[PDB]
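Notes follow once the structure below has been shown.
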Amino acid sequence: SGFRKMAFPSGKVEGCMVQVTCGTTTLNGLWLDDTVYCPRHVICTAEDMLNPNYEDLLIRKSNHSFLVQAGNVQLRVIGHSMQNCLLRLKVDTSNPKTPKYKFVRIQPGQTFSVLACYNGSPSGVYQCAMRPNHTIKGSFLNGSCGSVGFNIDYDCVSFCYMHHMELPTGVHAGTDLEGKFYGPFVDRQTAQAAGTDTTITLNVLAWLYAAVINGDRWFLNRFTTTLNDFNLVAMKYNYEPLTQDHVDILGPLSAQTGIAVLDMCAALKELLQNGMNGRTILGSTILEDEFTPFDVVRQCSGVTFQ
Amino acid sequence: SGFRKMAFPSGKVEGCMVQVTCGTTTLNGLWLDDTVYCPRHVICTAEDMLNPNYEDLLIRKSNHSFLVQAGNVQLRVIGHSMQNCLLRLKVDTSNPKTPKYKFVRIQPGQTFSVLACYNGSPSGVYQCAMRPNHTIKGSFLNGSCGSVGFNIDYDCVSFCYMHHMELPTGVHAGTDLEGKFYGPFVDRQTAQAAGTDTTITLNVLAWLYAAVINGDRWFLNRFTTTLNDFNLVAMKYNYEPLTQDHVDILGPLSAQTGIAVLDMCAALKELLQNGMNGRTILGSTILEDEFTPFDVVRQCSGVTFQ
Amino acid sequence: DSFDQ
Amino acid sequence: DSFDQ
């Protein structure tokens with residue numbers, strides 16, 4: 001029993017963290033085989049960060065403009081190219097700790113683990129969700145740029161995020177491992193703001209199913225709802241429109257608990273209008289949206305506490 | 001900016017997880033040098049778990065009653081002894097992945113990271129607090145016994161917890177790495193219940209200081225309080241008595257934010273009586289008690305958002 | 001009752 | 001303004 005924000009074991013990812021210094025800027029890079037990936041803004045000074053032209057800035061650099069350090073040992077750069085918002089630094093060694101891996105761009109609502117890193121040195125791990133507005137509510141200080149987010153399935157690390165910057169609200173922006181930003185955000189210092197966020201309906205529903213799997217059903221009711229009547233309510237409360245795709249994704253969970261999706265929707269509709277009446281669900285006073293249906297299957301019992 | 005439940009990078013600990021089977025029970029063990037530590041109840045069948053005598057049960061076992069597997073590779077047992085509630089299995093190999101390390105018994109209120117494990121295979125990492133009633137609100141299924149909790153300072157892993165069992169409330173009990181239980185709990189299946197818990201005052205205060213460090217001060221007021229007047233209120237609300245030791249531990253944080261401890265106590269006193277009035281602190285609708293003062297120093301800026 | 005896991 | 005970290 002129990003239900004917590006659980007991250008993936010971080011070992012396979014720790015073996016790939018290095019430091020990258022260019023001129024006077026130090027940040028973190030990702031060492032896979034004989035390549036090191038990092039944010040391109042490593043090639044910027046303070047002055048440069050407003051209004052940079054990376055083509056022009058990068059062409060003013062050689063292989064030995066870049067310093068990369070794996071633990072104590074210096075790695076020599078022998079090739080460089082730019083790819084969207086990242087740099088790809090070819091090095092003299094292939095990482096002996098390179099795990100099997102993949103580069104995936106994740107979709108809003110999906111979760112991943114983040115290894116927060118400073119000076120190429122791993123300092124903590126946490127779980128979060130890619131928000132609808134393409135930000136993450138992480139925790140980063142200066143020097144965390146190039147810290148990565150990932151999923152582990154079996155033995156294979158799926159890299160989905162690299163950190164680049166922080167926004168005025170205090171939430172975070174970055175890139176997939178092709179160097180393409182999540183969101184309409186850019187690689188420079190201007191007036192940029194997170195767009196308005198929404199609560200992640202599919203995940204709230206997943207988390208309700210977990211509450212039941214773990215033996216709680218106080219919030220259930222006798223009603224049912226149509227998808228469209230649920231949406232009219234979802235909009236009032238700043239929840240995402242629920243779709244048939246989302247209803248199909250909830251099938252296995254509906255089957256394990258014997259509660260129909262649309263019945264759980266009426267459960268939730270009622271939670272939204274009436275409040276939680278001073279009660280908790282899986283130890284929380286609010287509706288939780290940072291667990292996917294997958295996260296619930298992984299973490300919970302396959303056997304319901306009936 | 002930002003503030004999250006952050007666990008320690010789990011790599012150094014993953015390299016020490018193995019599987020231990022005895023008869024028909026499989027659980028997780030901890031491989032340091034040429035020793036493997038695990039819960040002694042591995043030597044129990046279903047019948048045995050009520051009313052076991054471990055002396056008598058253990059003497060009916062040889063070295064080869066125990067099977068230990070590190071990844072794919074079988075490790076041979078060549079010695080065994082019991083130590084309080086753990087077994088210590090001497091093996092034929094010394095773990096090449098053994099990090100520098102220590103065994104510490106932690107105190108209530110303190111936090112640590114937990115590597116949840118099944119069949120000697122790491123599946124997730126989360127941060128939690130040792131509660132006043134000596135339980136943890138973790139997340140464990142069957143087969144997680146022998147999963148460990150730890151702190152990492154510099155390069156050195158401080159092991160503080162091994163998992164043994166779950167209680168009727170759904171919270172967890174276990175042991176330090178000397179095999180001595182946290183709490184009045186025992187190694188067998190009887191009517192056992194968590195004693196009544198309390199909220200961890202010192203940590204709530206730490207977390208308030210973080211809210212300020214990160215730039216929030218709405219909850220502050222103009223009042224001050226005496227320690228003893230604060231306690232009269234703490235008792236009503238099921239908070240731990242605050243002590244002078246706790247006030248001294250808060251010194252560095254008081255100094256970085258320029259708010260006196262007892263002034264923050266009046267802040268909190270007021271939060272307890274008046275509620276949060278529909279507002280959040282560091283993104284939360286409730287008072288958070290699972291961050292120590294140390295966790296706040298590690299994670300937050302050394303520089304206040306004034 | 002409790003449960004040894 | 002934003003901040004590249």
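Chains: A, B, ... in order of the structure tokens. Residues: from 1 per chain. Ligands: from 1, in order shown.
Residues from chain A that have an atom within 6 Å of chain B, counting only C-alpha atoms, are residues 1, 2, 3, 6, 7, 8, 9, 10, 11, 124, 125, 126, 138, 139, 140 and 170 of chain A.
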(request) Within 8 Å of stretch 94-108 of chain A, counting only C-alpha atoms, which residues show up once you throw out same-chain ones fewer than 3 positions away? Write them as a PyMOL selection string, please. (result) chain A and resi 12+15-16+31-35+91+129-134+155-161+176-178
(request) Select from stretch 61-289 of chain B everything DSSP, run on the backbone, classes as helix (DSSP H, G or I), then give the selection as a PyMOL selection string. (result) chain B and resi 63-65+201-213+227-236+244-249+251-257+261-274
(request) List the neighbours of stretch 188-198 of chain A out to 6 Å using only C-alpha atoms; skip same-chain residues closer than 6 positions along the sequence, and give me the result as a list in words. (result) residues 49, 50, 132, 133, 238 and 239 of chain A; 1 and 2 of chain D
Output file for the selection above: C-alpha atoms, as a PDB file, in the first residue's frame:
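File written: again_17.pdb
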ATOM      1  CA  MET A  49      22.075  36.386 -23.948  1.00  0.00           C
ATOM      2  CA  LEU A  50      19.899  39.241 -25.097  1.00  0.00           C
ATOM      3  CA  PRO A 132      -0.140  21.673 -20.783  1.00  0.00           C
ATOM      4  CA  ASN A 133       1.593  25.030 -21.172  1.00  0.00           C
ATOM      5  CA  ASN A 238     -10.060  24.890 -15.782  1.00  0.00           C
ATOM      6  CA  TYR A 239      -9.687  21.154 -16.482  1.00  0.00           C
TER       7      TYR A 239
ATOM      8  CA  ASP D   1      12.464  38.681 -17.995  1.00  0.00           C
ATOM      9  CA  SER D   2      13.557  35.032 -18.367  1.00  0.00           C
TER      10      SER D   2
END
(message) I want to know what sits within 10 Å of residue A:270, based on only C-alpha atoms, with residues of the same chain fewer than 5 positions away left out; could you give that as a PyMOL selection string?
(response) chain A and resi 219-221+223+233+264-265+275-276
Selection above as a file: N, CA, C and O atoms, as a JSON list (two decimals), in the first residue's frame:
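Saved file again-v9.json follows:
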[["chain", "number", "residue", "atom", "x", "y", "z"],
["A", 219, "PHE", "N", -15.57, 8.84, -2.36],
["A", 219, "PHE", "CA", -15.92, 9.89, -3.35],
["A", 219, "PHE", "C", -16.79, 9.41, -4.50],
["A", 219, "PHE", "O", -17.30, 10.23, -5.29],
["A", 220, "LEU", "N", -16.92, 8.09, -4.64],
["A", 220, "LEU", "CA", -17.86, 7.54, -5.61],
["A", 220, "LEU", "C", -19.29, 8.01, -5.36],
["A", 220, "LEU", "O", -19.65, 8.39, -4.24],
["A", 221, "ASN", "N", -20.10, 8.03, -6.41],
["A", 221, "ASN", "CA", -21.55, 8.28, -6.29],
["A", 221, "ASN", "C", -22.36, 7.37, -7.22],
["A", 221, "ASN", "O", -21.78, 6.53, -7.91],
["A", 223, "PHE", "N", -24.27, 8.37, -9.71],
["A", 223, "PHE", "CA", -24.58, 8.99, -10.98],
["A", 223, "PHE", "C", -23.67, 8.53, -12.12],
["A", 223, "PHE", "O", -22.64, 7.86, -11.92],
["A", 233, "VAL", "N", -18.57, 21.09, -17.54],
["A", 233, "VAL", "CA", -18.13, 21.29, -16.16],
["A", 233, "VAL", "C", -16.60, 21.45, -16.09],
["A", 233, "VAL", "O", -16.09, 22.36, -15.42],
["A", 264, "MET", "N", -16.72, 7.31, -13.08],
["A", 264, "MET", "CA", -15.65, 8.02, -12.36],
["A", 264, "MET", "C", -15.65, 9.50, -12.68],
["A", 264, "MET", "O", -15.27, 10.33, -11.83],
["A", 265, "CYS", "N", -16.06, 9.84, -13.90],
["A", 265, "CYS", "CA", -16.22, 11.23, -14.30],
["A", 265, "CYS", "C", -17.28, 11.95, -13.50],
["A", 265, "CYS", "O", -17.06, 13.10, -13.08],
["A", 275, "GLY", "N", -16.61, 20.07, -3.45],
["A", 275, "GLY", "CA", -15.39, 20.08, -2.65],
["A", 275, "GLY", "C", -15.09, 18.70, -2.08],
["A", 275, "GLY", "O", -15.81, 17.73, -2.34],
["A", 276, "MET", "N", -14.02, 18.59, -1.29],
["A", 276, "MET", "CA", -13.65, 17.30, -0.70],
["A", 276, "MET", "C", -14.21, 17.14, 0.73],
["A", 276, "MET", "O", -14.02, 16.09, 1.38]]
(message) What's around residue B:289 at 9 Å? Count only C-alpha atoms, leave out sequence neighbours fewer than 6 positions away in its own chain, and write the answer as a VMD selection string.
(response) chain B and resid 109 129 199 to 207
Go ahead and save the residues from that selection, with N, CA and C atoms, as a PDB file, in the first residue's frame.
ATOM      1  N   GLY B 109      11.748  12.811  12.576  1.00  0.00           N
ATOM      2  CA  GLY B 109      11.800  14.110  11.913  1.00  0.00           C
ATOM      3  C   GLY B 109      12.810  14.125  10.775  1.00  0.00           C
ATOM      4  N   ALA B 129      10.051  11.087   5.305  1.00  0.00           N
ATOM      5  CA  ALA B 129      10.443  11.407   6.653  1.00  0.00           C
ATOM      6  C   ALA B 129      10.141  10.229   7.556  1.00  0.00           C
ATOM      7  N   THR B 199       2.550  16.314  13.887  1.00  0.00           N
ATOM      8  CA  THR B 199       3.166  17.099  12.784  1.00  0.00           C
ATOM      9  C   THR B 199       4.534  17.567  13.244  1.00  0.00           C
ATOM     10  N   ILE B 200       5.515  17.626  12.341  1.00  0.00           N
ATOM     11  CA  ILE B 200       6.908  17.915  12.693  1.00  0.00           C
ATOM     12  C   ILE B 200       7.219  19.417  12.596  1.00  0.00           C
ATOM     13  N   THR B 201       6.935  20.097  13.712  1.00  0.00           N
ATOM     14  CA  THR B 201       7.173  21.536  13.888  1.00  0.00           C
ATOM     15  C   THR B 201       8.476  22.056  13.305  1.00  0.00           C
ATOM     16  N   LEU B 202       9.598  21.491  13.690  1.00  0.00           N
ATOM     17  CA  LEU B 202      10.857  22.038  13.213  1.00  0.00           C
ATOM     18  C   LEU B 202      10.820  22.182  11.684  1.00  0.00           C
ATOM     19  N   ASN B 203      10.275  21.164  10.988  1.00  0.00           N
ATOM     20  CA  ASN B 203      10.271  21.085   9.520  1.00  0.00           C
ATOM     21  C   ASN B 203       9.273  22.038   8.894  1.00  0.00           C
ATOM     22  N   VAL B 204       8.080  22.127   9.476  1.00  0.00           N
ATOM     23  CA  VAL B 204       7.162  23.146   9.030  1.00  0.00           C
ATOM     24  C   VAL B 204       7.847  24.509   9.028  1.00  0.00           C
ATOM     25  N   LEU B 205       8.574  24.825  10.098  1.00  0.00           N
ATOM     26  CA  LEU B 205       9.275  26.116  10.197  1.00  0.00           C
ATOM     27  C   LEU B 205      10.352  26.273   9.141  1.00  0.00           C
ATOM     28  N   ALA B 206      11.196  25.268   8.992  1.00  0.00           N
ATOM     29  CA  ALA B 206      12.146  25.205   7.868  1.00  0.00           C
ATOM     30  C   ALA B 206      11.462  25.546   6.540  1.00  0.00           C
ATOM     31  N   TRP B 207      10.323  24.929   6.277  1.00  0.00           N
ATOM     32  CA  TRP B 207       9.656  25.074   4.984  1.00  0.00           C
ATOM     33  C   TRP B 207       9.090  26.491   4.761  1.00  0.00           C
TER      34      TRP B 207
END
